[PDB]
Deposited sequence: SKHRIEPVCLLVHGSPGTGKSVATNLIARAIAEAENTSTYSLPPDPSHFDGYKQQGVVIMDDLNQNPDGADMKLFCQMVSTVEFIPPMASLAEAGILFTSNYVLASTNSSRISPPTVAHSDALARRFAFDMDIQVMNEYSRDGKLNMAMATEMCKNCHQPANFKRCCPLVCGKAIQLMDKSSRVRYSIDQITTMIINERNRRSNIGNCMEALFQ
């Protein structure tokens, strides 16, 4: 009976800051869904630490990966395997976020280090994590910085072709999780 988790992945070259992207997005929707974030390690088979957190992030997806993923983004009741048998909890996460190098991905997006923050083609993290000094307040973040507002990095949808900021991308994922929850409500 469970609903299908909204899903995002982020293709990137290694120095472009896609780990900090997903994590910023995860922590934000988490803050809003009064939940927490579960990280899967790369190449992971067990869910030591899962406790039905509202959002999980999958560092460096992809192949058991493309399998254990498709159990996660499904309507089937699914039971993750454990390390300590201390087993049994359903997987209920309403969001899955992940990174790498087809309809289960409501948000298929490539990244772009903006040029004033490129450093040899790589994201200049020291500069990209300085706080923004002339910005409107973000929609899902307390405060603004260049990773949130689109200065340092942006997400390009392949299909849409459009470019959004992180702040925009989180507003978008929320809404789709709500739609899905809103219909999943009325029916029931």
Where does the structure fail to cover the deposited sequence at the C-alpha level?
1-2, 65-68, 93, 109-123, 211-214
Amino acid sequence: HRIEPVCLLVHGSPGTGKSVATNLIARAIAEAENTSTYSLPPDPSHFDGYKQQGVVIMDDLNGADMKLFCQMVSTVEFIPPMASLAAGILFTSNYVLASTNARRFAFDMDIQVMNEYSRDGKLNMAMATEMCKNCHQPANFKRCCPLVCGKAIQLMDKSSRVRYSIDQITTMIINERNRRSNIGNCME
From here on, numbers count along this sequence of modelled residues.
Which is higher in the entry, the mean Cα B factor of 117-125 or that of 65-73?
65-73
Between 36-44 and 129-137, point out the one with the higher average CA B-factor as the PDB entry records it.
36-44
In terms of CA temperature factor as recorded, identify the highest of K151, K142, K51, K158.
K158
Position of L147 among the chain's modelled residues by C-alpha B-factor, lowest, middle or highest third:
lowest
What third of the chain does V162 rank in for C-alpha temperature factor, lowest, middle or highest?
highest
